[PDB]
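Have a look at the structure below, then the notes.
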Amino acid sequence: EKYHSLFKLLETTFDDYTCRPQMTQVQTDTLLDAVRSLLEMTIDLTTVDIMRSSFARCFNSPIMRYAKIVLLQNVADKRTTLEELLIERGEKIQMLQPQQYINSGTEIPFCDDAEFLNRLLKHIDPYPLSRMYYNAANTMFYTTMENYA
Amino acid sequence: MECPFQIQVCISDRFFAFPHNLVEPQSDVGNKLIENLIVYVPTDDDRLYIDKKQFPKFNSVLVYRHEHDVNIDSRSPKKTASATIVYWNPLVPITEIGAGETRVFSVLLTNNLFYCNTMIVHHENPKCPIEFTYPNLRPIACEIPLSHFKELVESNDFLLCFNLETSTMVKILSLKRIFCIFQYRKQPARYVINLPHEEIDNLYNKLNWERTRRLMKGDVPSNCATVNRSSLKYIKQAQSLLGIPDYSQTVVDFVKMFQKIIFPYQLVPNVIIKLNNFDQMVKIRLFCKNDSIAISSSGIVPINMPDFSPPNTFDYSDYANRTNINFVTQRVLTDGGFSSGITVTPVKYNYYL
Amino acid sequence: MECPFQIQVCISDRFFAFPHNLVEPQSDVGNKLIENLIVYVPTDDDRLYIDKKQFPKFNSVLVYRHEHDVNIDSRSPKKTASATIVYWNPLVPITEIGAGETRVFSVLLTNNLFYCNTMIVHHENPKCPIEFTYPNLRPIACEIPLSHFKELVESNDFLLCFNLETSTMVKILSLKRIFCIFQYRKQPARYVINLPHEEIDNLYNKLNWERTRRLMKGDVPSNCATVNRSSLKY
Amino acid sequence: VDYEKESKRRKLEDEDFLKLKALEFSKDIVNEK
Amino acid sequence: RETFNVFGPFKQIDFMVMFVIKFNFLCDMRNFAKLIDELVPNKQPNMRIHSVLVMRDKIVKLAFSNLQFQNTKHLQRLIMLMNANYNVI
Amino acid sequence: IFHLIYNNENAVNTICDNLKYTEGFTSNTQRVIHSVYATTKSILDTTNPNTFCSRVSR
Amino acid sequence: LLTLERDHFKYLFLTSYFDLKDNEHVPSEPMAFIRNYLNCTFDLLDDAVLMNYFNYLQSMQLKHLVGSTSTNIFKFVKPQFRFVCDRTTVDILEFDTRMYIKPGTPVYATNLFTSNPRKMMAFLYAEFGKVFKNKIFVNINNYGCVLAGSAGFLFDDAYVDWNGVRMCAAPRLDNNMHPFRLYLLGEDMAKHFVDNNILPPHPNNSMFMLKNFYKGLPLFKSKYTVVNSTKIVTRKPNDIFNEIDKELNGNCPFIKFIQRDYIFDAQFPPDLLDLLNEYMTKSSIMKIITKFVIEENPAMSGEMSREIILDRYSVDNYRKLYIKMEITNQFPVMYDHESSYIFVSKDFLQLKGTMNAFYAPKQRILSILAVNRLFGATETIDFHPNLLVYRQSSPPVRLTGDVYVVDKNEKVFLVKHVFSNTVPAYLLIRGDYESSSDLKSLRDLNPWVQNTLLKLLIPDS
C-alpha cells in the first residue's frame, strides 16, 4: 500500500513511455517520500525520472539470452552540445561572484604526528585498493552520466 | 533461595563494628543456656576486632572465618546444639546453626540473608559522604577499616585502596562499612576509590541493590546515594560548559541548582532527565504538596493518572502529516538557505496542552 | 502586555522635573509606613536632580538607575516590603515593587505603563513650540535638560544635540521633557534637532503614539503637534 | 499517643556512637601479656 | 612608606602613609575652598566638570585598588573626612 | 622537574613566577612550561596513588 | 428517610467530591440531603439512594472507583479508591523522605480522615496486628506502619500521586484545615477492612470524620461578570492555538488560558459539566499567554476593563469567556512569580526539547527567552550545529552589553538581548565576534536558560 504511487508510475511505462507524467505537488511529494523511505536516504524528482526512463527501457526491451548494457538517456527536449553548455555555464559563472577566497601564498597544512599517520595506515590496511578505486571511478562516472542526461 | 527460620538477622550500619552487647546465650530444647559462643567473621583479620572479654554471659568464646562448606546445603544447615552461633557480616551461605536462634549482624544485606525470615533493620538519620574523583589524600586499607578508624573519623580526604587479590564481596563489605562510618561522621568526607571505573560501577550497582533490599525489608530511605561513572562524566561536561570548576561544585548542589526551575516552570531539568536515563540503562514523575498535577518527563500529567493520556485524546492529523511537515521543512530550508541538518517534527501533546 | 495593580502611574508634563512633594511613604500589610525610599531614574546623571533633603517623611533615601532585570518577569515583579519604591520617567519594565503601592511619575507614557491599571493624567493648557529647521543657536545637551533649564526658560533659539551613543528611549524622554518645558514657556521657542531626518521622523512618530496613549487614558487634546519631514518639504 | 521514642533514642545514640566506637578502638593502658 | 618608616616601624604605617597623602591633599583642598568661598554654588554640579571628575575618579580608584595595603574624637572626625564621608561633624 | 619530583612547592612556584616575568612568556614559553608541568604532574599522579596503596598494602 | 433525585446527583457529587464551600447555590432538597450525607447521619437517609449514586459514579466511570453493593462503603471506613504505587525513585533528589513503598504495591484511599494520625495509630495498628500478628518487623512512625514496603497503613493528604516523588514548595496550602486521609497498603488490609466493616471508636467528630469519595480539590464558584461567552469542541490543538491567536491579534494584550485539572477523572455527564462550569478549582492549570510581537502604537488597544478567558472545562469542550476586569474575580493559584507564556509566530520554530528556545530561519537566529515560556508550537525543529552558521567578518563584529563565551574555539557566544517590546532573552551566535566589555561567566545566567543551554549544547550521545 505504501508504494502504490510508484507502482502506478512504473506501470504507466508499459505504454509509449515517451511521455512526462503529470502529478500534483502532493502526488510528487508522496512519491518522493515513498522512494526515500524505500532506499533510506538525498533524492530528487530527477532520480524519479531516471528510474522511470530506465524501467521503461527495460519493460520495452525484449526477452534476450544476454544482458543489455545501455547508457542513461531521456531524462529531463532540446539537445545541447558540450560547447553550448560551456558557453552558457561559463557566462553564468562569470556573472556569479566569489563567495569566499584566501589570500596569496598561505601554506598547505600538512600533518606532523607520525604516530597518527601510522594509526591511520593501520586503520586503512584491510581496505582493498581495487574495490575503493572501482567504487570511486564508478561514482564519478555515474554522476557525470546523470549531469549529462 | 530459601533460609532456615532458626537464623535471625539484624541489619544496622552500626554493625560495621561488632555489637558485643547484643550477643546473648541461646537456650536448647531443655531451656538450658549455652555458655559456649562461636563468632563467624568474613576474613581472618576480623578476629582481631572481636574482644572475647566482652562476653561475660559466656564461659568459652571462639572466633573463626566463616567459609562456604560445599558439603552442606544451606537449605538445611547442620545444627550444633553445643554452642551459640553468631555471624558478623557474613559473605557466604551459613551452613551451621547454633542452639536456639542463630544470630546474625550485618551492615550488608545480600540475597542469602534477604529471604531470611527474622529481619531486624536498624534505622539511622542519613549523612552522606562526598565523592571526590580526582587523581594530600590519606590512604586507607579498605580491607581493615577499623585499623584506620581514627583517621576515618577525623580526616576528610581518603584514598581507598585494596589488596590486589581482595575478593569482590570483601570489597563490597569494606565499602559498606566505610560508608557507615561516614554516615556517623558529623562532617562529610571526600574519598577516591583507587579502582577501575567499571569495577567501581559494579560495586555501586551491588550497593544500590543492597539498599533496595533493605528498603524492601523496611529500611528508611536515605538520600546518600551514589552516581555511576557515565553520569559523573555528564555532570562534569555540564559544569565545564557552564564554566564551573569541578573541585568547586559538588554534584548534589549542581543538581539542586535546578530545583528553582522544577516547580515554577513545571519542567523536569535536563540534568535530572539524563541522570534518570543513565540509571535506567543501569521515566520521571514528581509533584508538590497539595499539587493537583504531576510534572513528568512527558510533561504535565493528572495526579495518579498514567504517564500517557488515552491515544485518541488529541488529533494531530492537521499538522502531523507528511504534507504539512514537508511544507514547513521546505520553508525552513529556503528561508535559512540550508541544504542539510534540518529536521522538523510534529508536536504531540499529553493530557494537557 | 500585563501590569501588576500594585503600581500606580501618574502622567504629567510637570514630571520633567521630579515631583518631590508628591512622594509619600507606603504602608505594609500591618499598616506600618516605610521610612526607606528608593527612587529609580532612567540614567545615572538623573540622580543629581534628586534632592534627598526634600523627603522629610522618610528617614533613608537612595537613588538608582532603573535597569532591565532580565531575571524577573515584569508580569510578576519581585516585591520589597522594606522600602517605598518610586520610578521617575521609567524607560524599561519595572521588575521591582515597594510596600503598598509602587508610585510612578512620568512625562512619557510607553506601552509598559499604558496597560497599568491606576493611571493619573495631569492636564495642562497647551503651549506649542516652534519647529525651526535651519542649518546664533544655543546648543542644548538634550540628555540633561535640567542643566540647561535656565537657558531653556529664557532663550528662544535652541540647537538640540545628543551624545553619539545615546539610546533611542533616552532621546525620546529628553525630547518629551524639553517639549514640556516649552509647554510652560510663555513665549514659544524655536529649535533645531541635530539628527538625521529619518531618526527625527521616527522620534516624532513615537511621540505621537505616546500622545495617543495619553488621550486614550483621558488626556486633554493639544494642538501642539509635530510635522513629518515630507510634510515640511511640501 | 505512642511517640517514636525508638527513633528519637536512636538519633541520640548515633550522636555519640562514633565516639563510643573510638573508645573501643582506643589505646590500652597496659599489655597484660 | 619606606621614607615615612625612616622615622620608625610604626604599627599602622600603611594607614599613616594614606593619612599623610590625604592630609597634604586636604591642605590644598582647603586652599581651593577658601579661594571659592565667596562664590555662589549651584543647586546641581556643572555637568562638564562632573564628567571630568567621574572620569578621573575611575583611574584614581583603579590605581589605589590595584595597590592593596595593610584619642578618638578628632581622630575619627579627620578619618571620616579622609574617607570622604561628608556627614562628618 | 626536580623540584616537582622532590616535593618542593616553593621552588616550583619560584620557577613558575620567574618564567611568568621572564622572556616572551605569553607567546609560547608559557605553553611550553605548562606542557612540561602537566606531563610531570600526570606521571606523578599516575605513580603516587599506587605508591600510597602499596604503602598501606598488607 | 431523605431521598434525592438523579438530577441532584450532580449536586451530590459537587459537594462530596471536591473541597467546595460555595454551597449556597445547592437547591433545598439536595442541600438537606447532602448535609445529612456529609455529617454521616445515614440513619436519616435512604440507602437505595446511596446505591443509585454509586451506580451513577460507576456509569460516569470515575477513575480508581472500587466498591461493592454494601452500604458499609458509606457507613464504615472502606477502601474507596484503588491504584498501584510505582515510584521511579531518583535518589539524588532530597524528596520528602516518607515511608518507603515497594513498587507495584497496591494502595487504597479510604474515606477516613483524621486531624491527628498519631491518635488513630492505636486503633489502626490494632487492626494491622489483627491482620498479620506474629513478630513481623515493620517500619512504623507516627503517621502509619508499613510492612516490608508492601502492606500496612498510613496517613497523608487527600491527594497524592504514588508514582512520582514529592519536591519543592506547595502552591496550595489547605492543610490549615485539611485532615489527613487514611491510605491502606495491600490487598490484605483492603479486604480485611471491607469484610470487617472496621470503624474507629467514637470519642463524624472533631477527632476524625468520613468523606466518602472526597477528592478534596479546592473548588469555588467563579462569580464572574460574564460580558459574553461561547463554546467549542475539538481535539485538535491547532484549533485552540488559532482561537488564541485570533484573540491576541484582535485587541487582547493577554489571554488567561485555563485547563481544569480533573477533566480526565470520568466521563462527566453534560449536566454535571454545566453545573461545574459555575465553579473553578484553585489548583487548575492557567497560562498567561501574550503575543511575541507587541504593536507599538495604541491603535490596537481594546477595552481596558475586560479580560478574555479560555477554559478547557472538559476533555474536548472549551468555553471562551469575556468578563469585566474586576479584582473580586477569583482565579486558580499560580506560582508567585509565574512566568508568562508567549505565542509562537510563523517567523520561527521552537527547538525540540526546549520550552523557551526558538530559531528564526530568515534571520538565522537562535533565541532563548530569559524568563518566558513558549506556547502554541505545533511544530518543532531538532537542534543542529548548522543552525549556528559562522558569521564571516574581516574585522571582528563588535558586540555590546552582556556577552558570554560558549566555545572560544568555535567563536560561539551568548548575547543578552531585549526585544524592543521589552522581552528579555539571549541570542546564541557563532562567528567572528568581539566584545566591547568584559566577557562574563555563564554561571551568572539563571537556571532556566542554563538548562536550555545544556540541552542545546551537550550532544545526546
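Convention: chains lettered A, B, ... in C-alpha cells order; per-chain residue numbering from 1; ligands numbered from 1 as shown.
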
Output as CSV one row per residue of chain F within 10 Å of chain B: the closest atom pair and its distance in Å to one decimal place, counting only C-alpha atoms, sorted by chain and residue number ascending.
```
residue,atom,partner,partner_atom,distance
F:41,CA,B:135,CA,9.8
F:42,CA,B:135,CA,8.6
F:44,CA,B:135,CA,9.4
F:45,CA,B:135,CA,5.6
F:46,CA,B:135,CA,7.5
F:47,CA,B:135,CA,9.8
F:48,CA,B:135,CA,9.0
F:49,CA,B:194,CA,7.3
F:50,CA,B:194,CA,7.9
F:51,CA,B:139,CA,9.7
F:52,CA,B:139,CA,6.0
F:53,CA,B:161,CA,5.3
F:54,CA,B:163,CA,8.4
F:55,CA,B:139,CA,8.4
F:56,CA,B:141,CA,6.0
F:57,CA,B:163,CA,6.1
F:58,CA,B:163,CA,7.0
```

Requested in this report: Give me every strand (DSSP E or B) residue in segment 54-205 of chain B, going by DSSP on the backbone, as a PyMOL selection string.
Outcome: chain B and resi 60-65+78-79+84-88+96-97+102-106+118-121+130-131+138-141+157-161+190-193

Output as a Markdown table one row per residue of chain E within 8 Å of chain C: the closest atom pair and its distance in Å to one decimal place, counting only C-alpha atoms, sorted by chain and residue number ascending.
```
| residue | atom | partner | partner_atom | distance |
| --- | --- | --- | --- | --- |
| E:44 | CA | C:48 | CA | 6.5 |
| E:45 | CA | C:48 | CA | 7.7 |
| E:46 | CA | C:147 | CA | 7.8 |
| E:47 | CA | C:147 | CA | 7.3 |
```

Can you write out the residues you just picked, keeping C-alpha atoms, as a PDB file, in the first residue's frame?
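selection_27.pdb, written as the output of this step:
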```
ATOM      1  CA  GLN E  44      23.461  70.980  40.798  1.00  0.00           C
ATOM      2  CA  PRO E  45      27.041  70.376  39.669  1.00  0.00           C
ATOM      3  CA  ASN E  46      28.459  71.723  36.450  1.00  0.00           C
ATOM      4  CA  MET E  47      27.940  68.811  34.088  1.00  0.00           C
TER       5      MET E  47
END
```

Report task. Counting only C-alpha atoms, collect the residues of chain D whose closest atom lies at most 9 Å from chain G, and write them out as number ranges by chain. Result -> D: 1-4, 7

Deliver the residues from the most recent selection as a file, using C-alpha atoms, as a compact mmCIF listing (two decimals), in the first residue's frame.
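As written to disk, part_25.txt reads:
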```txt
# COMPACT_ATOMS: atom_id res chain seq x y z
CA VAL D 1 -0.10 8.61 71.63
CA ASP D 2 2.81 6.22 71.04
CA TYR D 3 5.63 8.55 70.07
CA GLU D 4 8.61 7.27 68.06
CA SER D 7 13.70 6.88 66.55
```

Query raised in the report: Near residue 4 of chain E, counting only C-alpha atoms, which residues have an atom at most 10 Å away, once you skip same-chain residues fewer than 5 positions from it, shown as a list in words?
Result: residues 9, 10, 13, 14, 16, 17 and 20 of chain E

Output for the residues just chosen: N, CA and C atoms as a compact mmCIF listing (two decimals), in the first residue's frame:
```
# COMPACT_ATOMS: atom_id res chain seq x y z
N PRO E 9 59.37 52.05 62.77
CA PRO E 9 58.48 50.95 62.34
C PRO E 9 57.10 51.07 62.98
N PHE E 10 56.40 52.13 62.61
CA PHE E 10 55.11 52.41 63.23
C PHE E 10 54.12 51.29 62.94
N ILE E 13 51.70 51.72 59.76
CA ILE E 13 52.46 52.55 58.83
C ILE E 13 51.69 52.77 57.53
N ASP E 14 50.99 51.75 57.03
CA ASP E 14 50.25 51.91 55.79
C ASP E 14 49.14 52.95 55.94
N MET E 16 49.15 55.25 58.02
CA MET E 16 49.83 56.52 58.21
C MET E 16 50.20 57.15 56.88
N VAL E 17 50.71 56.35 55.95
CA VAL E 17 51.06 56.87 54.63
C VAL E 17 49.82 57.40 53.93
N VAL E 20 48.85 60.68 55.52
CA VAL E 20 49.71 61.81 55.16
C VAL E 20 49.38 62.28 53.75
```

Report summary line: atom CA of residue 222 of chain B to atom CA of residue 115 of chain G measures 28.5 Å

Requested in this report: Could you please select, counting only C-alpha atoms, the residues of chain A within 12 Å of chain G and state them as a PyMOL selection string?
Outcome: chain A and resi 99-102

What's around residue 62 of chain G at 6 Å? Count only C-alpha atoms, leave out sequence neighbours fewer than 3 positions away in its own chain, and write the answer as a PDB file with N, CA, C and O atoms, in the first residue's frame.
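Below is the file part_7.pdb, written as the result:
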```pdb
ATOM      1  N   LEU G  57     -21.811   6.998  39.809  1.00  0.00           N
ATOM      2  CA  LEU G  57     -20.365   7.179  39.744  1.00  0.00           C
ATOM      3  C   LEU G  57     -19.735   6.155  38.811  1.00  0.00           C
ATOM      4  O   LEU G  57     -18.896   6.494  37.964  1.00  0.00           O
ATOM      5  N   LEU G  65     -12.376   4.136  41.072  1.00  0.00           N
ATOM      6  CA  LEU G  65     -13.551   3.766  41.848  1.00  0.00           C
ATOM      7  C   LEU G  65     -13.597   2.258  42.033  1.00  0.00           C
ATOM      8  O   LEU G  65     -13.624   1.503  41.057  1.00  0.00           O
ATOM      9  N   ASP G 265     -10.903  12.599  34.924  1.00  0.00           N
ATOM     10  CA  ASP G 265     -11.300  11.725  36.018  1.00  0.00           C
ATOM     11  C   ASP G 265     -12.514  10.866  35.701  1.00  0.00           C
ATOM     12  O   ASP G 265     -12.727   9.855  36.378  1.00  0.00           O
ATOM     13  N   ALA G 266     -13.311  11.230  34.699  1.00  0.00           N
ATOM     14  CA  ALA G 266     -14.536  10.492  34.428  1.00  0.00           C
ATOM     15  C   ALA G 266     -15.187  11.050  33.173  1.00  0.00           C
ATOM     16  O   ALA G 266     -14.852  12.144  32.712  1.00  0.00           O
TER      17      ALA G 266
END
```

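Taking atom CA of residue 78 of chain B and atom CA of residue 58 of chain B as the two end points, the separation is 22.1 Å.
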
Requested in this report: Would you give me, as a PyMOL selection string, the residues of chain G that come within 7 Å of chain B, using only C-alpha atoms?
Outcome: chain G and resi 88+90-94+97+99-100+102+137-139+147-149+159-173+235-236+261+283+335+338+361-362+364+378-382+384+386+441-443+447-448+451+454-455

Write a file of the selected residues as a CSV table (one decimal), in the first residue's frame, keeping C-alpha atoms.
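Produced file result-v3.csv, reproduced below:
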```csv
chain,number,residue,atom,x,y,z
G,88,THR,CA,10.9,5.5,39.8
G,90,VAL,CA,15.6,9.4,41.9
G,91,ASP,CA,17.8,9.0,45.0
G,92,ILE,CA,19.9,12.1,44.0
G,93,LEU,CA,17.0,14.3,45.0
G,94,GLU,CA,16.1,15.2,48.6
G,97,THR,CA,11.5,11.1,53.0
G,99,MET,CA,8.0,5.6,54.5
G,100,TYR,CA,9.2,3.6,51.5
G,102,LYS,CA,7.7,-1.3,47.2
G,137,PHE,CA,9.5,-6.4,61.9
G,138,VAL,CA,7.7,-3.3,60.5
G,139,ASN,CA,8.6,0.3,59.7
G,147,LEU,CA,5.3,-3.9,56.4
G,148,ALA,CA,8.2,-4.8,54.0
G,149,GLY,CA,7.2,-1.8,52.0
G,159,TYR,CA,-4.4,13.8,47.1
G,160,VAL,CA,-1.1,12.1,46.3
G,161,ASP,CA,0.5,10.6,43.2
G,162,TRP,CA,2.3,7.5,44.5
G,163,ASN,CA,4.0,7.3,41.1
G,164,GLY,CA,6.1,10.5,41.3
G,165,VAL,CA,8.1,11.9,44.2
G,166,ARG,CA,7.5,14.9,46.4
G,167,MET,CA,9.6,18.0,45.9
G,168,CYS,CA,9.5,21.8,46.2
G,169,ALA,CA,7.1,24.1,48.0
G,170,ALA,CA,3.3,23.8,47.9
G,171,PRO,CA,1.4,26.1,45.5
G,172,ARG,CA,-1.6,25.5,47.7
G,173,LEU,CA,-2.0,25.4,51.5
G,235,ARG,CA,-9.3,17.5,19.8
G,236,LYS,CA,-7.0,19.5,17.5
G,261,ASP,CA,-7.2,19.8,36.5
G,283,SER,CA,-5.3,24.2,41.6
G,335,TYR,CA,3.3,30.4,41.2
G,338,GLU,CA,4.6,32.5,37.4
G,361,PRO,CA,15.5,30.9,9.8
G,362,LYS,CA,15.1,34.1,7.7
G,364,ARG,CA,19.3,32.7,11.2
G,378,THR,CA,2.5,22.8,16.7
G,379,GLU,CA,6.0,22.1,15.1
G,380,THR,CA,9.5,21.8,16.4
G,381,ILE,CA,12.9,21.6,14.9
G,382,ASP,CA,15.8,19.5,16.1
G,384,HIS,CA,21.9,21.1,14.8
G,386,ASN,CA,24.4,24.0,11.0
G,441,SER,CA,30.8,33.6,33.0
G,442,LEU,CA,27.7,31.5,32.1
G,443,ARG,CA,27.2,30.8,35.8
G,447,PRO,CA,18.9,28.1,35.9
G,448,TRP,CA,16.2,28.3,33.2
G,451,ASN,CA,19.1,24.2,31.5
G,454,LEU,CA,22.7,22.3,28.4
G,455,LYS,CA,20.0,20.6,26.4
```

Report task. Please report, as an MDAnalysis selection string, each residue of segment 137-237 of chain G to which DSSP assigns alpha helix (DSSP H) when run on this structure's backbone. Result -> chainID G and resid 187:196 237

Query raised in the report: Which neighbours of residue 37 of chain F fall inside 12 Å, counting only C-alpha atoms, when residues of the same chain fewer than 5 positions from it are skipped, and could you give them as number ranges by chain?
Result: F: 1-5, 12-13, 15-16, 30-32, 42-45

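Close contacts of residue 25 of chain D, defined as residues with an atom at most 10 Å away when counting only C-alpha atoms, with chain neighbours fewer than 4 positions off set aside, comprise residues 17, 49, 146, 147, 148, 149 and 150 of chain B; 19, 20 and 21 of chain D.
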
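The two atoms in question, atom CA of residue 228 of chain C and atom CA of residue 201 of chain C, are spaced 5.8 Å apart.
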
Report task. Within 9 Å of residue 15 of chain E, counting only C-alpha atoms, which residues show up once you throw out same-chain ones fewer than 3 positions away? Write them as an MDAnalysis selection string, please. Result -> chainID E and resid 12 18:20 69:70

Any chance you can output those residues with N, CA, C and O atoms as a compact mmCIF listing (two decimals), in the first residue's frame?
```txt
# COMPACT_ATOMS: atom_id res chain seq x y z
N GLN E 12 50.86 51.12 62.38
CA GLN E 12 49.87 51.31 61.32
C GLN E 12 50.46 52.05 60.13
O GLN E 12 49.81 52.92 59.55
N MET E 18 48.74 56.62 53.97
CA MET E 18 47.49 57.07 53.36
C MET E 18 47.03 58.37 53.99
O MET E 18 46.60 59.30 53.30
N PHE E 19 47.12 58.46 55.32
CA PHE E 19 46.69 59.66 56.03
C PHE E 19 47.53 60.86 55.63
O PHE E 19 47.00 61.95 55.44
N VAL E 20 48.85 60.68 55.52
CA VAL E 20 49.71 61.81 55.16
C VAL E 20 49.38 62.28 53.75
O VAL E 20 49.30 63.49 53.49
N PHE E 69 46.97 47.22 50.40
CA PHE E 69 47.87 47.55 51.51
C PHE E 69 47.47 46.82 52.78
O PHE E 69 46.62 45.92 52.75
N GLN E 70 48.07 47.20 53.90
CA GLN E 70 47.76 46.61 55.20
C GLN E 70 47.38 47.69 56.21
O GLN E 70 48.20 48.11 57.02
```

Report task. Provide as a PyMOL selection string the residues of chain D at most 7 Å from chain B, counting only C-alpha atoms. Result -> chain D and resi 11+14+18+22

Keeping only N, CA and C atoms, write those residues as an mmCIF file, in the first residue's frame.
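What follows is the written file result.cif:
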```
data_model
loop_
_atom_site.group_PDB
_atom_site.id
_atom_site.type_symbol
_atom_site.label_atom_id
_atom_site.label_comp_id
_atom_site.auth_asym_id
_atom_site.auth_seq_id
_atom_site.Cartn_x
_atom_site.Cartn_y
_atom_site.Cartn_z
ATOM 1 N N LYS D 11 18.564 8.376 67.275
ATOM 2 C CA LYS D 11 19.342 9.542 66.869
ATOM 3 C C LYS D 11 20.256 10.007 67.996
ATOM 4 N N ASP D 14 23.149 7.703 68.054
ATOM 5 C CA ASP D 14 24.016 7.904 66.903
ATOM 6 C C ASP D 14 24.911 9.111 67.096
ATOM 7 N N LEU D 18 29.799 7.215 67.355
ATOM 8 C CA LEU D 18 31.140 7.226 66.786
ATOM 9 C C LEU D 18 32.190 7.394 67.874
ATOM 10 N N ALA D 22 35.168 4.909 68.901
ATOM 11 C CA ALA D 22 36.536 5.375 69.089
ATOM 12 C C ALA D 22 37.098 4.884 70.413
#
```
